[PDB]
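So that you can tell them apart, the chains are marked A, B, C, D, E, F and G in the order they are listed, and the count of residues begins at 1 in each.
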Amino acid sequence: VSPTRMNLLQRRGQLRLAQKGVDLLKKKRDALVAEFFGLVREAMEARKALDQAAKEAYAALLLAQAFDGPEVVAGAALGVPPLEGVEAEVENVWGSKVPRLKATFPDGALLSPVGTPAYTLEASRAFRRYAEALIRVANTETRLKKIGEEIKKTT
Amino acid sequence: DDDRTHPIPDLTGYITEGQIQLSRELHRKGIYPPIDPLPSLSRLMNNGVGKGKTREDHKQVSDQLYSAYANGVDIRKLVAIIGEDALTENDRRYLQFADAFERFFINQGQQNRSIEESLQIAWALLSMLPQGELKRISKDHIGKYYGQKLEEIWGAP
Amino acid sequence: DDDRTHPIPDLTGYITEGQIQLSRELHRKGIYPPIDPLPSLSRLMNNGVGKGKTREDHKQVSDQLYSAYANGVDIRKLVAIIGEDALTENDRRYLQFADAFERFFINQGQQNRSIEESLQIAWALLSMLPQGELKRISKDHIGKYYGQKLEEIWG
Amino acid sequence: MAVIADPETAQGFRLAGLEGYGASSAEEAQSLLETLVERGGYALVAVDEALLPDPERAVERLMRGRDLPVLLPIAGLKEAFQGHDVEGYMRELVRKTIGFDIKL
Amino acid sequence: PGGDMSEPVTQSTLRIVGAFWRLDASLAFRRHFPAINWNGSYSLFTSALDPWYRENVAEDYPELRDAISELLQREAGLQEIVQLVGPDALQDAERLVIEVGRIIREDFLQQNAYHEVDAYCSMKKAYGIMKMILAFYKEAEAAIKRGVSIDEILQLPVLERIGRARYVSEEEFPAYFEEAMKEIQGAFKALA
Amino acid sequence: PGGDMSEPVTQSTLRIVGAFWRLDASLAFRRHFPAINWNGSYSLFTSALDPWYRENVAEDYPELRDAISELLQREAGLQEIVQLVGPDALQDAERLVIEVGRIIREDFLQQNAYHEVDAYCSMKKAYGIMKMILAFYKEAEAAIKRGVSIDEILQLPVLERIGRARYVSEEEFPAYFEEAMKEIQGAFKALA
Amino acid sequence: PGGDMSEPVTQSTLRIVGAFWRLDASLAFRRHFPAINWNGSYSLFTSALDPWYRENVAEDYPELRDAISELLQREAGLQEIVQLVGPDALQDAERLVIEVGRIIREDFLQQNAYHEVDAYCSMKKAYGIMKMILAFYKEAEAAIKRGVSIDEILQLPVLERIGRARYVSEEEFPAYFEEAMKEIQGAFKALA
């Protein structure tokens, strides 16, 4: 850059633009921090709900395995198909795409549709509800990580 | 060269008592007269306004308009990045207030406005903001002048 | 000081009919001859080119090369700030075209290329870009010369 | 999706439809987890706290280019019955995300 | 000398002329002619010539000219953020403005003096091009408000129709304008 | 003229003065008067004036003033944390020093030259205000170490008593100080 | 005067000299000597001395010199990405280039004028050092395709042998080089 008055004016304009950009980036970082602190509360609530969803399902499964018989539960588990309809849809957050998890499992594929081992079938229902509560925790955490890394990049 | 550090503007600032600065951005947006409120300044304004001359709510209304416009022009640039859906319920009020201010208070055309009409327009614009958020204005004037809609002047603005 | 605004080049440029400007950045990379195409200019080019003199497709190819090289140079300054991993496909195509241009068209060594060979190389480099993006070239010449591969010239 | 835990809850999850693995040591957990990472399939894995403390500490050089699958820590049978405060996990997470670790 | 606009001759000329057509070296470097710097140029004869334009060209021509100037100003305002955070960080409604500004710069302002047809341009042809550009911008904004992504809007084949309206002859322009106006209406209806 | 102190007259004045009271436009824009920047200002007469202060104002004056200076220094060091997160989401000890610094900035340094009683302030009044602030800070630190809530301290009317202390008339100030210096203790003893 | 090489004496000198050895104040502050800025320096006598080099030192000496220059250019190119994204984001192939550039800068370009041995260096000693560095680079490049971690390559003890090579006397250097080549080959053979 050769020393001229026009070049000096251009450099001062660039300095003003840089200062304006710094202020705008600070405002964007403040907004991102506000969103992060909004999301962390829902993350904590989802995790503490997942705790109870795990505990009651574990208790029901233990009761079913103990007082119906391990052989009865094993025979019931021998006709349970593995899940295959796992879906990972994508959603945008601040210019980044994140996966959201969902499953399309049909309920009627299991053997003995009538619940003669009632406690085993109830344990299966409890574990299905357990997974349906776990997916929310997974989605919230995978959003929170990306918000944190966006804050890092802005800083 | 639009330079405020040129000797002719520099020596003028040492002698005069303020300045009114025209804006090229407002001129290119179709606003006449393109007077920029933020960089302008009048040093002796406090002696000519108040009680016994013009109206008593002049200074507080001017200060509130200045602060609200300064907030709106700052929100408007962040709108372009983060979008309007990420804003709060009052940032959208300030963003609309800035546009309404630029479209009504400044862009007056060849009209001749008295001080009472200008104060009426200013109070109509301040009514868009929620009552009680006007920190610079005391409640005595708010209870007397707040509440008028801009649509009553929009019949012939 | 590599300064174009020095009084001697400034007064030379107002009298002569063009200039050929060398680039130190291209010289540091081993490119010979290090002729910078953007600051270079030929005022009397339009008199000696066209149908019946060299070929019918000279000026349009020259203009398209100038525009594409300018786009690549502009994209380089963007990837110097935001990183190359966030680019789209079009910016990546222009970025690769700029490197291919600098490595093949400008850098020729001591060989004596004819005008037809140079036009063939120019059309080979323009074939890397999508056909619809050649705004400055008429479709009549595109239908005749587009589609050449660079590997058939340099191996 | 698959869950690696104690055999009692692994087949209990298999009663719902998940591929439950019965493991109790970190070596088999690391081997099975890297086998699941290198293969193509499901993108969600649940690991007990008794096998792997941090899921990223085993895929720190494997998942940086393909971070799409989700590796989640989950509580074991004994841990779920006795319970714990999840605020410690969030206190660790906020430190790992913004670094300042101060939160209220 | 040296392209310095602080030259005393230029400063003395600036105070007496009514129009000031500042040229840009950067635009001439990239072979973008006539290379007029829009930000530094001005004219003081716009308001006086308005009654003539209404009678002789079109009734709504000054409104179209002011809309084009406003669009260029808005595009210039957004370029301070593109240089900061990149073009991909902007919203779709601002990327539309950026692409419309690029369209205007490439198609309307650019002119080749050595071309057979593009060397001369009448007023009505420029008015038709401005009308086409503004109609396309309005239809694109309406499509954006309906949830259409911007990438498939820019890939429409009607973009090549607008970009080559420069080289259409003066006597053939009244048919090309009417064909392109119907195509603009048709393209944004079947898309969404 | 340039705002910065690199102007030659300011640089020449810098080398021959013993005190320097820098005014800042940011405090003036926020209507914080006086706009004395306590970070950029300095004085070289403190050590020589220390013997006089301890005999005419109070024996503990220099250490009590250094405590205020240290408290103001600590508050400026946490500003890089408040830039990211809100001031409410911090540690109790970090919140307490921020509140004390705000109390100092808004109730001791600020003055109104046009006010009848806020335009003048003697040494004894400032010493009493600083003593009240120090006592409040010490009691609040003890309460925080006992694990009390932050909001139960900010609710107390002690904040209003210190806030109105600068507006107290000079002749009525000893009674105000005598009331407040034990009212703070009574308010802190009533808490759990 | 200020390091400003646009001053008239420097510009008048550069038009007649055939070699230009530019020094850097940045390298002198960190005690890196002789502090030659290898990016801004040039020499116009390189192409004429190649027939002398091809029979007085070795036939492949210009090839090794060009390889060293290319490695330095690649390191200088990668140093922008290193400081704009962080060293963790780089791939192992670029990390190898960065480390080899650091090794070259620390062990070949740097020279001590006061050391009793390092003050003088023959051409064949520099040729041997360049051969050792290029052999190490080739072996490390081959080891990357075999899946060897970059941390395993860097922690090899043969790195210190290259760094200490410039302190060996002229009489003892061939015995050092003859063993060091086999040491490099065996060290890269013994892994994976």
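By our rule, a contact is a pair of C-beta atoms (placed from the backbone, for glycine too) under 8 Å apart; a residue touches a chain by one contact, two chains touch by 3 or more.
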{"item": "Least hop count linking subunit B to subunit G through chains in contact", "value": "3"}
{"item": "Pair with more cross-chain C-beta pairs in contact, given C-G and A-B", "value": "A-B"}
{"item": "Centre-to-centre distance between subunit F and subunit A (centres being mean Cα positions), rounded to whole Å", "value": "48"}
{"item": "Subunit C and subunit E: spacing of chain centres that average the CA atoms, whole Å", "value": "27"}
{"item": "Cα-centroid distance, subunit A relative to subunit D, in whole angstrom", "value": "14"}
{"item": "Contacts with 2+ other chains: residues of subunit B", "value": "1, 77, 81"}
{"item": "Per-residue overlap in subunit D, given as positions that touch at least 2 other chains", "value": "98, 103"}
{"item": "Subunit C contact footprint on subunit G (complex, rising order)", "value": "5-6, 11, 39, 73, 80, 84-85"}
{"item": "Residues of subunit C that touch subunit A when the two form their complex", "value": "3, 5-6"}
{"item": "List of subunit B residues in touch with subunit E within their complex", "value": "1, 25, 28-30, 77, 80-81, 83"}
{"item": "Contact footprint of subunit A on subunit B as seen in their complex", "value": "1, 3, 74, 77-78, 81-82, 86"}
{"item": "Subunit F - residues contacting subunit D, complex", "value": "81, 84-85, 88-91, 94"}
